[PDB]
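Where a number appears in this text, it was derived from the coordinates with a stated rule and is not lab data. Here the Cβ is made from the backbone with ideal geometry for all residues, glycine too, and neighbour counts use every protein chain on show.
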Amino acid sequence: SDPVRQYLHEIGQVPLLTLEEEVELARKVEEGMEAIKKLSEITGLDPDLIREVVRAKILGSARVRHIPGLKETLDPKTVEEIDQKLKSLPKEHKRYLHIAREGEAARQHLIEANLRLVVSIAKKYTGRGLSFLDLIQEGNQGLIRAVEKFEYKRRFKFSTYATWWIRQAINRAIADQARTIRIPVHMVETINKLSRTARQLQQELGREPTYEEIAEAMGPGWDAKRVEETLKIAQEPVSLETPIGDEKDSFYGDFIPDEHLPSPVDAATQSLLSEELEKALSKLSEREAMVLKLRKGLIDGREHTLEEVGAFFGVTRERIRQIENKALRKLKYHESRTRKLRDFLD
Amino acid sequence: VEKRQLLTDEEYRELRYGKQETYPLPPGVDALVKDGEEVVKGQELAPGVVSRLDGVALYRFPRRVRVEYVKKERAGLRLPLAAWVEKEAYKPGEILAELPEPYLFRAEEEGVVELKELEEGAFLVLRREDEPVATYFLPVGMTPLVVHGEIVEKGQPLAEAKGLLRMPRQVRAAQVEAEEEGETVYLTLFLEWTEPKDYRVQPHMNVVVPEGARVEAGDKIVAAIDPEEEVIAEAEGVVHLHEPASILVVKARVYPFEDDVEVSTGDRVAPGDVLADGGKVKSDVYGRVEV
DNA sequence: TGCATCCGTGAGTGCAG
DNA sequence: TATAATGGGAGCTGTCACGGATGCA
């Protein structure tokens, strides 16, 4: 009924490991990875392509997808097909099919066995842009990293190593999805560096710092200008439905005029131009108001310099740049009687 | 269960993954049962531990590994003729002579004493310069009268037989060659017997050998992180698992095999399917494989 | 079967805001 | 990238009335 207390229950189900079962499962995984490349130098198929096929059968056919990065679309035909040239092996080689399958299965019970830990880390990372659960998954997401990169031989408890990859992936998601406008993680990184050092400045000043007092405590390469434009991208957008008043029958977005779409004054204006300019082409000449009518365009424009002007006009190259001048020239005295073009410069 | 029926999470694991339950014993307290062991609910598992379902139990982490090492060797013993029972071998626990009165078994060489006591019984090895001179076998009923590391001349009393005397239980009389002289006979029994040596397995360690497998010398009984602290099998013997961390009382069915297996681990299967060894062994229940 | 009992849905106009 | 760390945390409160779908003697 409440989606956390639920997950908190599924977790209370897989019991906590003990030091032996830690090392047993940890142990069975490392061997199964070794077992896969040994199991790929006997067959030469491919480390990953194989590992996915070990994964398929152990977890059940409940799931299967063409894993991007493997070169065949992993449909249950190439799993029977490849579980076959695999199970086809001599007991001292197909020895290691048994080794992988057992190891994949330890992977599972080692993740499932350490979910409680992630809970109690992501618990501390709330109020940061990400929902509890959202933090949890991101947390677990790392936890997956931690098993495939553990070394039981170092004699560490599993807690100690995973409590790094967990909080590495929380902090990455807290910095890669939180903002409506996503910003590079390293730019986030330094933003909080202002937030923190400004905060101490304020805690030493009895007042908030100025731009300058920040660029100083921020150090070298930091001027007042550059702390400013850093803030002006720290700036989170605001909701178009942000409520207006204390009843609620108004929305901050309604007071916002749409300036892209042309107003009717506007789109009417463009029509009495693009026609009262066709009202000054065929009034004095329509083939010198066609060679200059292709020195630009009535729609699309047609303007480079000297190259197509030299191709198909009727005449030679620097001769259209002259009836270009008499085109214009005829239009500057053309529009000394039909003076109804000045008003279009406003 | 019918199409379109609502199973809770646990009910799904039962149907899909199998029933099973693990139980801890108070560390050190031992197992009233042993690995591989088919057992049923209510059955006593340890002093405080009692199982609640059916199935085949299974050992988790033996803290104590014992290797009954096998010995087959010649040793002799001289006795009255009017007090031994002629047999061409002596099964353990078997009575082989009864003495009217106590009859001191005396040395038949000069040397130092290498006493090697057993559960019930004893070995006595004399040796001059470190070559070994004579190996006597006191059975049950004969009580030594020497200490380890002691001197004996010829004909001083090493032990005293008193009444019935019988082979021990761990220890066999393979063949028994007798010869008489005087009013006595002196046996060279081709004894057979085994000796316990309890190894310690550590949390960062794992026994890599079943319950009761055969090892020569050189075999590996236990692995661990650094090559030292590994336990290797000094010479011939067989394995015994005592003192587990806890025991998982699974509900499954076991099926041993002899050659190449045909089903990897993880696989699902129904009765009548071909597990391993060419087609000989095969499924009983509906279940999922654990090679 | 009849009748508690819960859950979801409504609850005036425009203008200033 | 390695001491170890393994089940959350705020609920919010004084309306109403009707109709439909669900539970229960």
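Under unit Cβ charges (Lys, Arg +1; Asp, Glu -1), what dipole magnitude, rounded to 20 debye, does region A:183-236 have relative to its Cα centre? List each step's numbers first, then the result.
Working: 7 positive and 10 negative charges, 26 e Å.
Here the size comes out at about 120 debye.
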Using r as the Cβ-Cβ distance of B:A174 and B:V50, and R0 as 35 Å, what FRET efficiency do you calculate, to the nearest 0.05? 0.25
Considering the zone a paramagnetic label at A:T305 would reach in this model (a point 7 Å from Cα along the Cα-to-Cβ line), which residues of region A:315-330 have amide N under 19 Å from it? A:317-322, A:324-325
Listed pairs A:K149/B:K220; A:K153/B:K280; A:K57/B:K197; A:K123/A:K248; B:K87/B:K154 exceeding 32 Å between Cα atoms: A:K153/B:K280; A:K57/B:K197; A:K123/A:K248
Pick out, from A:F158, A:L17, A:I214, the residue whose Cα sits farthest towards the positive end of the charge dipole of the protein assembly as shown, with +1 on the Cβ of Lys and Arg and -1 on the Cβ of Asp and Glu. A:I214
Could you give P(r) for chain B, binned at 10 Å from zero, as whole percent values over all Cα-Cα pairs? 6, 19, 22, 19, 15, 11, 6, 2, 1, 0
Expected 222 nm ellipticity per residue - DSSP helices of 4 or more, -39500 (n - 2.57), all of chain A, to 500: -17000 deg cm²/dmol
Among A:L284, A:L16, A:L117, whose mean-square fluctuation peaks in a Gaussian network model of chain A (Cα, cutoff 10 Å)? A:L284
For region B:1-143, take every pair of Cα atoms, bin their distances at 5 Å starting from 0, and report each bin as a whole percent. 2, 6, 11, 11, 9, 8, 7, 7, 8, 8, 6, 4, 3, 3, 2, 2, 1, 0
Dipole of region A:262-343 [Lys/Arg +1, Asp/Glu -1 at C-beta], most positive-end residue of A:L298, A:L281, A:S336: A:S336
Diffusion constant of the protein assembly as shown at 4 °C, which comes from Stokes-Einstein with the Kirkwood Cα-pair radius and 1.567 mPa s, µm²/s: 37 µm²/s
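How long are the semi-axes of the ellipsoid equivalent to chain A, from square roots of 5 times the Cα gyration tensor eigenvalues, in whole Å, largest first?
Numbers: eigenvalues 904, 265, 93 Å².
After scaling each eigenvalue by five and taking roots: 67, 36, 22 Å.
In terms of the Cα gyration tensor, with a ≥ b ≥ c the square roots of its eigenvalues, is region A:4-53 rounded because a/c is under 1.5, prolate because a/b exceeds b/c, or oblate? Write out the running numbers ahead of the final one.
On the way: a/c = 6.76, a/b = 2.04, b/c = 3.31.
The shape class here is oblate.
Rounded, prolate or oblate: which one fits region A:1-179, using the alpha carbon gyration tensor with axes a ≥ b ≥ c (rounded when a/c is under 1.5, else prolate when a/b beats b/c, else oblate)? Write down the numbers at each step before the final one.
On the way: a/c = 2.19, a/b = 1.69, b/c = 1.30.
Cα axes put region A:1-179 in the prolate bin.
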Which value results for Rg/Rh of region A:228-302 when Rg is the Cα radius of gyration and Rh the Kirkwood radius based on the inverse mean 1/r? 1.35
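Let me spell out the model: positive unit charges on the Cβ of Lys and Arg, negative unit charges on the Cβ of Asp and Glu, origin at the Cα centre of chain A. What dipole size does that give, in debye rounded to 20? Please list the in-between numbers first.
Values: 59 positive and 59 negative charges, 233 e Å.
Dipole about the Cα centre, nearest 20: 1120 debye.
Quick one, could you list the DSSP H helices from chain A stretching 27 Å or more along their long axis (Cα atoms) with average Kyte-Doolittle hydropathy of -1.0 or above?
Details: long enough: A:19-41 (34 Å, -0.68); A:185-205 (30 Å, -0.54).
The qualifying helices are A:19-41, A:185-205.
With charges only on Cβ, +1 for K and R and -1 for D and E, what is the dipole size of chain B about its Cα centre, in debye, rounded to 20? Mind showing how you got there, number by number?
Details: 37 positive and 59 negative charges, 287 e Å.
Rounded to the nearest 20 debye, it is 1380 debye.
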Cα gyration tensor shape of region A:39-90, rounded if a/c is under 1.5, else prolate or oblate by comparing a/b with b/c: oblate
Provide the gained length on full extension for the span A:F344 to A:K85, in nm with one decimal, where the gain is 0.36 nm per separating residue minus the Cα-Cα distance. 85.2 nm
Show which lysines lie in cross-link reach of A:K332 when reach means a straight Cα distance below 22 angstrom and same-chain residues fewer than eight apart are skipped. A:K279, A:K283, A:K293, A:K296, A:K340
